[PDB]
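*Asks:* Got a sequence here, can you build the structure:
(one chain, ligands or ions: 2)
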Amino acid sequence: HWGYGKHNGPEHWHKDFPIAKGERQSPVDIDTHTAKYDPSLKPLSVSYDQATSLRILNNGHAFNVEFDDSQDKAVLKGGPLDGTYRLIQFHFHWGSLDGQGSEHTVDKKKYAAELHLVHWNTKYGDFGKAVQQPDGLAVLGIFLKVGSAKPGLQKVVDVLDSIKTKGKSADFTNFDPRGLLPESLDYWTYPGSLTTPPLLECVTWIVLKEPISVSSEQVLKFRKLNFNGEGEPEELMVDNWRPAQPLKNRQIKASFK
Ligand SMILES: NS(=O)(=O)c1c(F)c(F)c(S(=O)(=O)CCO)c(N[C@H]2CCc3ccccc32)c1F
Ligand SMILES: [Zn+2]
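*Replies:* Numbers count the residues shown, from 1 in each chain. Ligands and ions are numbered 1, 2, ... in the order given. Structure as follows:
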């Protein structure tokens with residue numbers, strides 16, 4: 001039932017998914033002054049050179065760029081992590097207006113969008129098993145601001161008209177997710193959850209400090225997507241973000257400053 005509206009948006013999710021009110025929900029506001037610098041946090045190791053993009057899909061909430069996760073080809077490690085985590089997909093959350101769209105906030109600042117690169121811990125063998133574990137996933141979150149175009153994003157932007165509506169897919173090979181990363185890998189980290197139902201508390205969040213820049217034209221193409229399926233009334237895919245949730249008993253750690 002769930003989605004992003006008055007009637008079925010984030011404030012309703014708890015009725016189907018009670019953990020929505022749990023102890024380690026995401027996203028959160030990142031209070032930069034109160035984040036704890038941890039000298040012992042390692043640099044993040046992002047090894048995406050063998051990544052094998054396969055397909056891009058409109059799942060009716062967002063669009064997902066999928067990877068072959070049947071071998072260690074695109075992996076995240078280091079940082080605050082203790083194992084190796086394989087990239088399964090990325091997606092974005094974005095707004096109706098440039099002034100909103102991110103899930104995490106930084107000193108209450110909203111960004112225009114937020115990229116989630118989703119990885120699962122190889123010690124659990126597959127994504128479905130990993131989501132049942134408290135250290136099953138590592139999600140790398142990257143903020144988007146509007147300004148100069150991100151040229152590594154354009155291949156995603158240009159395919160979107162082929163996946164306008166829920167359930168559409170398109171071959172999407174040879175997409176290189178290194179083109180979506182900012183210069184710095186400095187990050188904040190905390191234990192949290194998936195930000196969409198089922199809201200499972202299985203995620204080590206790693207949120208990069210440095211946003212990427214995308215153009216107004218790029219984010220405008222995200223907003224032409226539709227949450228409905230073909231042959232239904234148009235509902236633009238905008239404002240597909242969950243607001244910040246209570247931090248409760250958590251400390252956000254910083255790799256820097
Ligand atoms: N926004 S988020 O970063 O916290 C995030 C989620 F919120 C979320 F719910 C899921 S899910 O359980 O797999 C959805 C399956 O039904 C994923 N995981 C991925 C991998 C599989 C998949 C399929 C569809 C949509 C997202 C995901 C997720 F990355
Ligand atoms: Zn997400």
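
*Asks:* Go ahead and report the secondary structure state at residue 140.
*Replies:* Recorded secondary structure, residue 140: strand (DSSP: H, G, I helix; E, B strand; the rest coil).

*Asks:* which ones are touching the closest residue to it other than its chain neighbours?
*Replies:* With sequence-adjacent residues excluded and distances taken as C-beta to C-beta, 6 or more residues apart in numbering, residue 140 is closest to residue 117, at 4.2 Å. Quick note: C-beta positions are derived from backbone N, CA and C, even for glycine. When contacts are counted by C-beta atoms under 8 Å, 6 or more residues apart in numbering, residue 117 touches 76, 87, 90, 139, 140, 142, 177, 180.

*Asks:* For the residues you listed, which entry has the maximal number of neighbours?
*Replies:* residue 87 (28 neighbours; other C-beta atoms under 10 Å).

*Asks:* which ones are touching residue 239?
*Replies:* Residue 239 is in contact with 4, 94, 95, 96, 100, 101, counting by C-beta under 8 Å, 6+ apart.

*Asks:* what would those residues look like in CSV with distance to ligand 1 and neighbour count?
*Replies:* CSV is the format used below for the contacts of residue 239 (distance: C-beta to the nearest ligand atom, whole Å; neighbours: other C-beta atoms under 10 Å):
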residue, distance to ligand 1, neighbour count
4, 13, 18
94, 12, 26
95, 15, 21
96, 18, 12
100, 16, 18
101, 13, 26
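
*Asks:* Look up the residues forming beta bridges with residue 119.
*Replies:* Note on residue 119: beta-bridge partners residue 87, residue 138, judged by DSSP bridges.

*Asks:* And the helices in the stretch 101-250 of the chain, which stretches?
*Replies:* Listed in chain order, the helices of the stretch 101-250 of the chain (DSSP state H, counting those that start in this stretch) span 127-130, 154-159, 216-222.

*Asks:* Not counting its own residues, what contacts the last one?
*Replies:* Contacts with helix 216-222, where a contact means C-beta under 8 Å, 6+ apart, come from 92, 94, 98, 101, 112-113, 144, 146, 149-150, 153-154, 157-158, 160-161, 237.

*Asks:* And the first one, by the same measure?
*Replies:* For helix 127-130, contacts defined as C-beta under 8 Å, 6+ apart pick out 69, 88, 120, 121, 124, 136, 137, 202.

*Asks:* Near ligand 1, list only the ones from these.
*Replies:* Residues of these in contact with ligand 1 (C-beta under 6 Å from any ligand atom): residue 88.
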